[PDB]
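Before any questions on how it binds or moves, here is one chain, the form solved without hexanedioic acid, in structure tokens.
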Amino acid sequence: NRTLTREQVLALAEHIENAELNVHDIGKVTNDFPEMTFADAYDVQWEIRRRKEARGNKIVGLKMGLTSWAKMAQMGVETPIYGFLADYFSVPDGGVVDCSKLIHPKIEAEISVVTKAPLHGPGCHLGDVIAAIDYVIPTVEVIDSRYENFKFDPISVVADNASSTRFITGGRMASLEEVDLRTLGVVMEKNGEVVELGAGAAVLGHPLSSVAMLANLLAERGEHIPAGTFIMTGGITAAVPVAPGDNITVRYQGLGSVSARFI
């Protein structure tokens, strides 16, 4: 279920990462390698991860995209996708994001979890995930597809590490007992104006299901979710463009707010 040569995987990884590192958008890689499979795309993504680790980056978490059944159906995919988060992606709550290091960023409001017990697939589901959750933490992702392309292409997006680039944790942490994730309301404000609303249920119907799907996805490559893993479970809100000068604040029901300043 792979069509790329290893040489092509390595080259695509270098090419795609270079788009991020040099803040230069590129054509979607499936235009040049149309046979690419998801396995190919993850090969590329994990090779990007290796390149980052090899230069000393710590990988500090994972993120989930396509966490909408409607969107999945639209894309003709049966599962979400994931990407990894590098240490330098992290931005503190209220902190600065330098848009000059980004291409055409957008933000999505999410709820993240930190696990306290290992999880694995295949066949992982919500019930398995519950006992493994340490706490939840409001998180805003800055996503920034390295592609010039207007239309979403899941395989190219996976290869591009699911468009990951920054994440801002903030608000207040909470145990599962303290929060109802499905009805957890989120209000995204940009420059003082409410721009998106949504609830945690927008992630698959239940944000913790994302963790289970992640575990099953990882199991496809013989990996799992170690205890202590930070996972951004998926965009609750539609993604919102951000540009220099923008200030955002995302309020989470009972969990305070996450803010960032874009310069």
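Note that residue numbering follows the sequence shown and begins at 1.
Missing here is the form deposited with hexanedioic acid bound; even so, the following discussion is about that form.
Heavy atoms of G61 never reach within 4.5 Å of hexanedioic acid in the deposited bound form, leaving it off the interface.
Although the partner is absent here, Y135 lies well away from hexanedioic acid in the deposited bound form, with no heavy atom inside 4.5 Å.
The closest non-hydrogen atom of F152 lies within 4.5 Å of hexanedioic acid in the deposited bound form. Although the partner is absent here, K71 is a contact residue: one of its heavy atoms lies within 4.5 angstroms of hexanedioic acid in the deposited bound form. Annotated contact segment (heavy atom within 4.5 Å of hexanedioic acid in the deposited bound form): 106 to 114, selected among 187 to 195, 106 to 114, 171 to 179, 89 to 97. Checked against hexanedioic acid in the deposited bound form, the residues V29, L218, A202, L66 give one hit for a heavy atom within 4.5 Å, which is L66. Contact with hexanedioic acid in the deposited bound form holds for all three of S145, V157 and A162, each having a heavy atom within 4.5 Å.
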